[PDB]
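Chemist: Enclosed are the sequence and the experimentally obtained structure.
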Amino acid sequence: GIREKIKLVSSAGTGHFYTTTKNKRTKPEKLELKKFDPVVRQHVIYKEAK
Amino acid sequence: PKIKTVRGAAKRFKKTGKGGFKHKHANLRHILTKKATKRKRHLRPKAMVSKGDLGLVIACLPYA
Amino acid sequence: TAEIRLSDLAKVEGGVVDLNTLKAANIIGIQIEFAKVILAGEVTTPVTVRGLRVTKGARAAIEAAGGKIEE
Amino acid sequence: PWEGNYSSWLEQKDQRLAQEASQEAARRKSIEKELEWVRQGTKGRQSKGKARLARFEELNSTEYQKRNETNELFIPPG
Amino acid sequence: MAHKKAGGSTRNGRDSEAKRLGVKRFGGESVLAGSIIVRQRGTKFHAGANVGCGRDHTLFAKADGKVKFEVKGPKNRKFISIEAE
RNA sequence: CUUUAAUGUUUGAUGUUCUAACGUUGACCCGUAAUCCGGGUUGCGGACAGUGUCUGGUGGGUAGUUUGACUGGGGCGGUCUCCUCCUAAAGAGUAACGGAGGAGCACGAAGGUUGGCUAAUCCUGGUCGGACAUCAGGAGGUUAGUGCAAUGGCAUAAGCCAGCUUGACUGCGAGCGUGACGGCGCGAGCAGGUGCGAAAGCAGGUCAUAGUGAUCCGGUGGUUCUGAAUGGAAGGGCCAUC
RNA sequence: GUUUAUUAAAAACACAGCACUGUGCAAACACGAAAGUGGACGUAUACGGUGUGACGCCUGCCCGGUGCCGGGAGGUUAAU
RNA sequence: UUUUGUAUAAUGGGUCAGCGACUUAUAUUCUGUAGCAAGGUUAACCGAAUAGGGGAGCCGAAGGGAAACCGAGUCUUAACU
Ligand SMILES: [Mg+2]
Ligand SMILES: [Mg+2]
Ligand SMILES: [Mg+2]
Ligand SMILES: [Mg+2]
Ligand SMILES: [Mg+2]
Ligand SMILES: [Mg+2]
Ligand SMILES: [Mg+2]
Ligand SMILES: [Mg+2]
Ligand SMILES: [Mg+2]
Ligand SMILES: [Mg+2]
Ligand SMILES: [Mg+2]
């Protein structure tokens, strides 16, 4: 149980987030993926947050 | 006297047009990162109470 | 809020229908403030709707009878 | 927090660490004693008792040792 | 007479719930599209014409018709197809 | 403005003195022919003590209760949820304190694709170098490997390597399987956007089956859906999540 | 000496004696929403509680644990 | 009577006579029956008081949605084949 829970917050400016887990020890660099944003209906960048 | 409706039941079931009861699917309150979006999407709509459990519901909701 | 069938417009008065006029005919409760006329029954007479919220189905079925809808 | 100079603060720090070490030693003593009690039989149809079991389970906790470097800096001989 | 009774213990005694695997619609049965045919663990049967394979290796009908079983292929494997009947 | 020091000013602390609140189960007087009580002088304490409200601590002194089940009687021991095999009698299911083992995770690659590739083991020759390191060719043919138990599966590899990547998408979903229900699982296809590929195509997590916790209550973000005269708001609801 | 009236009279309880401890008097303590009573018309050679139990010889070591007593520096800490 | 199972040596009853245990308010669903019928029916109350008035109300003919709201449709969704 070392994979803490993180949410990838959309960079489109809306408050939308996917939620996932991450090994905060072996992967200190913040996650960054291009996922779909149903609010704007465009694949945009999601960046890790708390 | 009048029958007291079970108040907790009245907060979770609503009678439909033909007499059936609609309810809200369980398992969608928390611990939602584990669950796949396919599962969570299917639990979002309201469901109809099953045949076996209709009798228990109607007793708890005699006025509706 | 309450519902008004098209069959209650012939049951009200000489032809004017309003919130106050509907209550005096005992179609809606006396503590009802909004009423909607739905397409449920059939209206034969030229009824005028003073202020209400007729649906599109009810509206056409009222003008077909020769009625009028206003606000 | 602390009001004083570095040497007085140092003295206070040694006293604090000594008290913590003594309390940890007492904790080890008590845990060993209660473990000895847990590892006995019931002796009849009498209690044993779940309250003492719960007390021992909550007594078995974790303490943070100081990550003090101290004398291990290894300079290999050339 | 503190000797009459005796006892012991055991280390196993746990199992898992059964998964109800096996063929659901047998050969010659007429099915609708999407109907599960076999619930497998590996690929005991392989997908043939008009049938598909899920992530569990469940074999489902992709069209509506009769189930068929075959042993075609160079490795003598069992295939499940569907004829649009 | 910056530091500083003085008389004032407020306030706060601590201390000493005082008497007037208060105490007096000190003395005397009167009610009164009464060691009760009250009143009056006086002595002594004195803003302490004591009481009221609020509050921290202590509090089996007292009170109300709890203190699981299975069980070849009960206690003791063991177990309690999930996955794999056998028992299980060639569909499913199938018990015992039956026989064996495992799980309470891992992975932004160990996921998606597009290319490519094929093991274990042994024999022969080869510098340190051998029982076994790397090399070459021969047998062999998956006895290998799979992130972790066991079973089933895997060459078109599901196994190994590399480039590009985020489909580990959003809304749904014909139809099924499995449950007493709660629920759980499989799923073509549709719409919107996307990745890889020249394309056909594949991709809604991982070879599959464990890796988990209803509801209530509450937290966070979004959404004028609601908003107890009205406009807001608070609080609710809905969505996502803890 | 006492005791389980009605299955237990005892090695049990008590006891004189001993020790520890509390208590300065409006005493501690107890009964009592309180007033007030007992303690006691007594005053530390007195009263209460606890343990031991005539007498003789004695009563060894441990204050780490739990309790009690003393300390006030520092830390944590309520209502306000 | 209780049981897997009782002549059971399992329970109860000495025997007679008398008494002795599924009721009654309301409320709700279903069935039968009766009356009216897209309508049915009043409660308290007034009343020369089983009549007659009284339609406050209740249920029904419309549902969907958490809701606003829409309405024979509605909700979901950017939209639904
Ligand atoms: Mg979070
Ligand atoms: Mg008690
Ligand atoms: Mg390939
Ligand atoms: Mg698509
Ligand atoms: Mg392309
Ligand atoms: Mg709000
Ligand atoms: Mg001590
Ligand atoms: Mg102290
Ligand atoms: Mg006999
Ligand atoms: Mg008998
Ligand atoms: Mg009837």
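Modeler: Nice, thanks for sending it over. Numbering: from 1, shown residues only, chains lettered A, B, ... in the order given. Ligands and ions are numbered 1, 2, ... in the order given.
Chemist: All the helices of chain C, residue numbers only.
Modeler: For chain C, the helices defined by DSSP state H occupy C:19-24, C:56-64.
Chemist: Near the residue in chain E that chain B sits nearest to, how many other residues are there?
Modeler: Distances between chain E and chain B by CB to the nearest CB are smallest at residue E:55, namely 11.3 Å. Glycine gets a C-beta too; all of them are placed from N, C-alpha and C. By the criterion of other CB atoms under 10 Å in any protein chain shown, residue E:55 has 5 neighbours.
Chemist: tell me the SS of it?
Modeler: Per DSSP: H, G, I helix; E, B strand; the rest coil, the secondary structure class of residue E:55 is coil.
Chemist: coming back round to it: got the helices of chain C as CSV, with mean neighbour count and distance to residue A:31 columns?
Modeler: Below are these laid out as CSV (neighbours: other CB atoms under 10 Å in any protein chain shown; distance: least, CB to CB, whole Å):
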stretch, mean neighbour count, distance to residue A:31
helix C:19-24, 16, 59
helix C:56-64, 15, 51
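Chemist: Dump those into TSV; add distance to chain B as well.
Modeler: Putting the helices of chain C into TSV (distance: least, CB to the nearest CB, whole Å) gives the following:
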stretch	distance to chain B
helix C:19-24	25
helix C:56-64	19
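Chemist: could these go into JSON lines alongside distance to RNA strand F?
Modeler: JSON lines is the format used below for these (distance: least, CB to the nearest atom of the strand, whole Å):
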{"stretch": "helix C:19-24", "distance to RNA strand F": "16"}
{"stretch": "helix C:56-64", "distance to RNA strand F": "21"}
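Chemist: ok, and for the lengthiest helix in chain B, which residues are buried?
Modeler: Scanning chain B for the helix with the most residues, using DSSP H, yields helix B:51-60. For helix B:51-60, burial by neighbour count (16 or more other CB atoms under 10 Å in any protein chain shown) applies to B:57, B:58, B:60.
Chemist: now it: how far from the chain's centre is it?
Modeler: Distance of helix B:51-60 from its chain centroid, counting by CA atoms, centre = their mean, to the nearest Å, is 11 Å.
Chemist: what's next to it, contact-wise?
Modeler: The contact list for helix B:51-60, computed with CB atoms under 8 Å, 6 or more residues apart in numbering or on different chains, reads B:5, B:6, B:9, B:13, B:20, B:21, B:49.
Chemist: Checking stretch B:48-57 against RNA strand H, do any of its residues make contact.
Modeler: No - with CB under 7 Å from any atom of the strand as the criterion, RNA strand H is not reached by stretch B:48-57; the gap is at least 9.2 Å.
Chemist: Tell me which residues are up against stretch E:63-71.
Modeler: By CB under 8 Å, 6+ apart, the list of residues contacting stretch E:63-71 from outside reads E:25-33, E:37, E:45, E:48, E:50, E:61, E:77-85.
Chemist: and if we set it to 6 Å?
Modeler: E:25, E:27-30, E:32-33, E:50, E:78-85 (CB atoms under 6 Å, 6 or more residues apart in numbering or on different chains).
Chemist: swap in stretch A:6-19?
Modeler: Residues outside stretch A:6-19 that contact it (CB under 6 Å, 6+ apart) are A:22, A:35, A:37, A:39, A:40, A:44, A:45, A:46, A:48, A:49, B:33.
Chemist: Give me the three-state assignment for residue B:64.
Modeler: For residue B:64, the assignment made with three-state DSSP gives coil.
Chemist: Would you mind measuring from the closest residue in space to it that isn't next to it in sequence to residue C:3?
Modeler: Distance criterion CB to CB, 6 or more residues apart in numbering or on different chains; nearest residue to residue B:64, sequence neighbours excluded, is residue B:15 at 5.6 Å. For residue B:15, the distance to residue C:3 (CB to CB, to the nearest Å) stands at 17 Å.
Chemist: What segments of chain B are strands?
Modeler: Counting by DSSP state E, the segments of chain B that form strands are B:14-15, B:21-24, B:46-48.
Chemist: picking that back up, so can I have JSON lines of the helices of chain C showing distance to residue A:3?
Modeler: As requested, these are exported to JSON lines (distance: least, CB to CB, whole Å):
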{"stretch": "helix C:19-24", "distance to residue A:3": "62"}
{"stretch": "helix C:56-64", "distance to residue A:3": "55"}
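Chemist: Grab the nearest non-local neighbour of the residue positioned nearest the centre of chain D.
Modeler: Using CA atoms, centre = their mean, the residue of chain D that lies closest to the mean C-alpha position is residue D:24, 2.4 Å off. Distances taken as CB to CB, 6+ apart place residue D:63 nearest to residue D:24, at 5.8 Å, with adjacent residues excluded.
Chemist: Next up, identify which helix or strand the one you found is on.
Modeler: Using DSSP states H and E, residue D:63 is not contained in any helix or strand.
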